Structures are given as structure tokens and as C-alpha cells.
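Here the structure is laid out as C-alpha cells; the discussion comes afterwards.
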Amino acid sequence: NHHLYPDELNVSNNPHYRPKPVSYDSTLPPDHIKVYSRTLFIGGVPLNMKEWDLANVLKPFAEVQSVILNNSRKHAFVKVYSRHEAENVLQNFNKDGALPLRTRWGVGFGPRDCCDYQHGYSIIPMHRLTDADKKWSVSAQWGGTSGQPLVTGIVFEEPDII
RNA sequence: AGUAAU
């Protein structure tokens with residue numbers, strides 16, 4: 001929809017193939033989960049830049065999945081295929097400051113007040129997910145649990161949605 | 001200097 005490719009699949013032949021790191025965490029409270037964001041807040045976006053441009057600038061540092069661009073509000077929302085890639089973009093993209101683009105964290109999944117914008121994850125109580133969220137969490141193409149059921153402690157990369 | 005679509 002706002003993806004580059006709508007009906008694409010996370011499979012070994014797709015050059016966008018990624019793993020789905022799942023891990024568990026004993027320091028979480030009961031019936032809470034951890035979610036690492038793959039979504040990026042980009043700000044200082046010029047008027048001349050289209051969606052294609054942004055994706056193409058990040059291309060060396062990360063492969064982009066989806067780009068919602070609010071051109072009038074001089075910012076955008078860029079989901080990349082993996083957490084590793086998003087993390088790379090934050091340190092290493094535009095170090096010199098040649099472009100006007102500031103690149104910070106952004107929230108793709110779960111409540112906003114549950115997100116740590118600084119470190120870039122959400123610790124979410126399972127009751128605050130909707131039926132839809134709980135579905136996508138387990139059956140997402142990129143990110144999610146890759147079939148593993150949701151339980152206390154689980155940690156996984158932000159899933160895709162509708 | 002802008003954190004949204006749902």
C-alpha cells in the first residue's frame with residue numbers, strides 16, 4: 001500500500017530475505033513483550049525530495065521496505081527490512097551532514113507511550129495489543145515471531161501490518 | 001527540529 005512492493009514474500013530467493021530474530025527476556029514483567037522498531041523517523045526533508053529519492057539515499061546503508069512521506073510537514077516514515085539495517089542507518093548515514101536529513105527512531109507497532117524513542121524499542125503489555133496486532137505478531141512476513149506464540153519475556157523485530 | 005498513516 002505504502003510499501004514499494006505490496007504482495008512481496010520473505011523467502012530465500014527474494015533479495016529482501018531476512019531472518020526473524022526471536023529471543024526471550026527474564027527481566028520483563030509477566031505478560032509483557034519487547035519489540036525492536038524497524039521504523040525510522042526522518043526529518044529535515046526538502047520539498048524537492050520524493051519517496052523514491054529518500055529510499056535511494058538510504059540504499060547504500062539499508063534496503064527500504066516502505067516510505068510514508070509527509071512532504072508538507074518536512075518529515076517522513078521509513079520502514080527498513082531489518083533492525084540491523086535500521087541501527088546501521090542511525091550511526092553511519094549522513095555523518096558529514098551533507099544532506100539536511102536528521103535520522104531518529106520512530107514507532108511502527110504497539111502503543112506510542114510504550115515506546116523508548118531513545119533506545120528504539122517498545123516494552124508492551126500483552127493486553128494492550130489488539131486481536132489484529134497479536135495476529136501480525138506471529139504471522140508477519142518481515143519481523144514478528146515467525147510462528148512462535150506470544151508469551152511473557154518474548155523479544156522480536158517489529159512486524160508488518162495493514 | 002518536524003514522530004504519522006492505521
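Lettering and numbering for the C-alpha cells are positional, with chains as A, B, ... in the shown order, residues counted from 1 in each chain, and ligands counted from 1 in the shown order.
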Residue contacts of residue 5 (chain B) (12 Å, only C-alpha atoms (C1' of nucleotides)) excluding same-chain residues fewer than 3 positions away, as a list in words | residues 1, 2, 66, 67, 68, 69, 70, 76, 77, 78, 107, 108, 109, 161 and 162 of chain A
Shell of 10 Å around residue 90 (chain A), only C-alpha atoms (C1' of nucleotides), local chain residues under 5 positions omitted, as a ChimeraX atom specification = /A:40,61,85,95,102-105
Mind running chain A against chain B at 6 Å and telling me each contacting residue's nearest atom pair with the distance in Å (one decimal), counting only C-alpha atoms (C1' of nucleotides), chain and number ascending, as a tab-separated table?
residue	atom	partner	partner_atom	distance
A:43	CA	B:2	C1'	5.9
A:74	CA	B:2	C1'	5.9
A:75	CA	B:2	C1'	5.8
May I have all residues of region 3-64 of chain A that DSSP, computed from the backbone, assigns to alpha helix (DSSP H), given as an MDAnalysis selection string?
-> chainID A and resid 51:58
Could you tell me which of A:148, A:24, A:45, A:141 comes closest to residue 6 (chain A) if we count only C-alpha atoms?
-> A:141
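The gap separating CA of residue 153 (chain A) from CA of residue 26 (chain A) is 5.7 Å, in Å to one decimal.
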Where in chain A does DSSP assign strand (DSSP E), given as a PyMOL selection string?
-> chain A and resi 22-23+32-36+39-43+64-70+75-80+102-105+115-116+121-125+155-157
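Nearest-residue note for residue 94 (chain A): choosing from A:60, A:136, A:159, A:23, the minimum distance belongs to A:60, counting only C-alpha atoms.
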Of the candidates A:27, A:62, A:17, A:33, which one gets nearest to residue 150 (chain A) if we count only C-alpha atoms?
-> A:33
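One finds CA of residue 79 (chain A) at 8.7 Å from CA of residue 3 (chain A).
The two atoms in question, CA of residue 63 (chain A) and CA of residue 35 (chain A), are spaced 20.2 Å apart.
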